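Report on the structure given below.
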Amino acid sequence: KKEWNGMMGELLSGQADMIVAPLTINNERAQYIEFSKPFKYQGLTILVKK
Amino acid sequence: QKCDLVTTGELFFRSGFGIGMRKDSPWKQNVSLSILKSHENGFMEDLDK
Amino acid sequence: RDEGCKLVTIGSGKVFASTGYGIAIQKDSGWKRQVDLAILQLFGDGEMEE
Amino acid sequence: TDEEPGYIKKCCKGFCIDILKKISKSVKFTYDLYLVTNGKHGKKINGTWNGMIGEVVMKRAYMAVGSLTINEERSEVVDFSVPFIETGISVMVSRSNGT
Ligand SMILES: *[C@@H]1O[C@H](CO)[C@@H](O[C@@H]2O[C@H](CO)[C@@H](O[C@H]3O[C@H](CO)[C@@H](O)[C@H](O)[C@@H]3O)[C@H](O)[C@H]2NC(C)=O)[C@H](O)[C@H]1NC(C)=O
Ligand SMILES: *[C@@H]1O[C@H](CO)[C@@H](O)[C@H](O)[C@H]1NC(C)=O
């Protein structure tokens with residue numbers, strides 16, 4: 003069974019109404035949710051100790 | 229903040245955040261309109277500052 | 389594409405009044421969902437970056 | 003205007019055309035692609051739109067491609083998908099030699 007957890011796991015169950023959090027827009031999530039227009043653009047990067 | 233940890237790497241997976249919410253609920257268009265309005269008038273800039 | 393690349397951008401993308409370039413669709417057509425998922429898929433697969 | 007509105011078959015090459023080709027392959031839909039005589043992305047001329055927005059609003063063209071921003075004025079009459087590249091107002095500087 004393709005089950006979900008986390009913010010989306012509790013949202014598709016209807017427990018919540020709106021996820022306000024740094025949630026990343028992508029295809030897999032958008033199947034079972036909808037996303038507002040992006041409010042902060044970003045990329046993926048690395049940290050290393052200086 | 230810490231200044232002893234440094235970021236690196238070119239920005240791959242250039243994407244954006246977004247408040248996710250159920251398909252059938254009606255705030256979606258109004259939410260997007262308000263977010264765009266906040267982007268236009270610099271309120272998001274005040275939040276970033 | 390400067391003839392000598394003697395100039396520079398800012399913050400590598402830390403932008404004021406951030407916005408995006410997108411596609412324009414008719415008012416609430418049935419295509420909007422499909423193109424949204426298609427664009428998110430091409431983002432996920434990684435063709436865009438190249 | 004009585005004779006044929008010039009159908010000059012040119013060839014198109016660019017980023018947005020590639021986006022269009024990829025989405026067409028993924029969705030399997032063909033396209034009569036054409037260019038508008040306005041030459042603008044579209045602004046409200048006395049309550050009337052032009053270019054991309056003018057053609058989409060009047061539905062002479064189903065969708066509009068190119069470097070089109072997403073703003074609240076445009077979203078009044080059309081709808082935008084998730085933006086694919088990030089733009090906005092930005093700063094351009096000249097390089098400075100070392101010290
Ligand atoms: C999203 O925002 C819309 C803002 O335009 C809003 O539409 C507006 O809704 C109000 C009230 O729902 C309407 O005001 C009406 O108020 C009384 C009783 O409701 C009526 O008797 C009046 O005649 C008046 O019409 C606005 O007219 C209406 N404006 C527009 C342009 O639609 C939506 O309700 C909002 N929707 C959500 C889900 O937030
Ligand atoms: C800065 O350095 C480059 C290095 O070739 C040099 O050509 C240029 O003349 C320098 N700038 C000035 C103002 O001399």
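Residue numbers (my numbering), protein chains in the order written: chain A, 3 to 52; chain B, 229 to 277; chain C, 389 to 438; chain D, 3 to 101.
Yeah, the Cβ is synthetic: ideal placement off N, Cα and C, and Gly gets one too.
Residues near residue i in its chain [Cβ-Cβ closer than 7 Å; skip 5 each side]
{"i": "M436(C)", "result": "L430"}
{"i": "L13(A)", "result": "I21, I35"}
{"i": "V79(D)", "result": "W51, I55, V59"}
Test item: CB-CB of residue i and residue j under 8 Å
{"i": "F245(B)", "j": "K42(A)", "result": "yes"}
{"i": "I27(A)", "j": "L428(C)", "result": "yes"}
{"i": "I413(C)", "j": "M65(D)", "result": "yes"}
{"i": "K52(A)", "j": "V259(B)", "result": "no"}
{"i": "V95(D)", "j": "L395(C)", "result": "yes"}
{"i": "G44(D)", "j": "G56(D)", "result": "yes"}
{"i": "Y409(C)", "j": "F31(D)", "result": "no"}
{"i": "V403(C)", "j": "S77(D)", "result": "no"}
{"i": "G270(B)", "j": "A405(C)", "result": "yes"}
{"i": "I72(D)", "j": "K39(A)", "result": "yes"}
{"i": "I411(C)", "j": "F17(D)", "result": "no"}
{"i": "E268(B)", "j": "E74(D)", "result": "yes"}
{"i": "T407(C)", "j": "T89(D)", "result": "yes"}
Bridge partners - residue i, DSSP secondary structure assignment
{"i": "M249(B)", "result": "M20(A), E36(A)"}
{"i": "residue 56(A)", "result": "Residue 56(A) lies beyond the stretch modelled for chain A, which goes from 3 to 52, so this question has no answer here."}
{"i": "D81(D)", "result": "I413(C)"}
{"i": "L49(A)", "result": "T235(B)"}
Spatial neighbours of residue i in its chain, beta-carbon cut-off 8 Å, leaving aside the 5 residues before and after
{"i": "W255(B)", "result": "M249"}
{"i": "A23(A)", "result": "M9"}
{"i": "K420(C)", "result": "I413"}
{"i": "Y33(D)", "result": "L22, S26"}
Cβ-based neighbour list, residue i, same chain, cut-off 6 Å, excluding 5 preceding and 5 following
{"i": "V38(D)", "result": "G53, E57"}
- Query: When Cβ atoms are compared, which residues of the region 20 to 47 of chain A fall closer than 8 Å to chain D?
  - Reply: Listed in sequence order: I27, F37, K39, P40, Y43.
- So does the region 23 to 30 of chain D actually touch the region 256 to 268 of chain B, counting three or more Cβ pairs closer than 8 Å? A contact between stretches requires three or more CB pairs, one per stretch, nearer than 8 Å, and the region 23 to 30 of chain D fails this requirement with the region 256 to 268 of chain B.
- Task: Note down, in chain order, all residues in the region 397 to 421 of chain C with a beta-carbon under 8 Å from any beta-carbon belonging to chain A.
- Result: If the cut-off is 8 Å between Cβ atoms, the region 397 to 421 of chain C has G401, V403, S406, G408 near chain A.
- Item | Contacting positions in the region 420 to 437 of chain C - beta carbon closer than 8 Å to chain D | If the cut-off is 8 Å between Cβ atoms, the region 420 to 437 of chain C has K420, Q422, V423, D424, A426, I427, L428, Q429, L430, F431, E435, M436 near chain D.
- Task: Return the residues of the region 61 to 72 of chain D that lie within a Cβ-Cβ distance of less than 7 Å from chain C, sorted by chain order.
- Result: Within the region 61 to 72 of chain D, the residues whose Cβ lies closer than 7 Å to some Cβ of chain C are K61, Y64, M65, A66, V67, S69, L70, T71, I72, listed in chain order.
- When Cβ atoms are compared, which residues of the region 244 to 267 of chain B fall closer than 7 Å to chain D? Cβ proximity to chain D below 7 Å picks out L261, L264, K265 from the region 244 to 267 of chain B.
- Task: Taking a Cβ distance cut-off of 8 Å, strictly less, list which residues of the region 74 to 98 of chain D are near chain C, in chain order.
- Result: Answer set for the region 74 to 98 of chain D: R76, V79, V80, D81, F82, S83, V84, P85, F86, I87, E88, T89, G90, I91, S92, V93, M94, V95, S96, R97.
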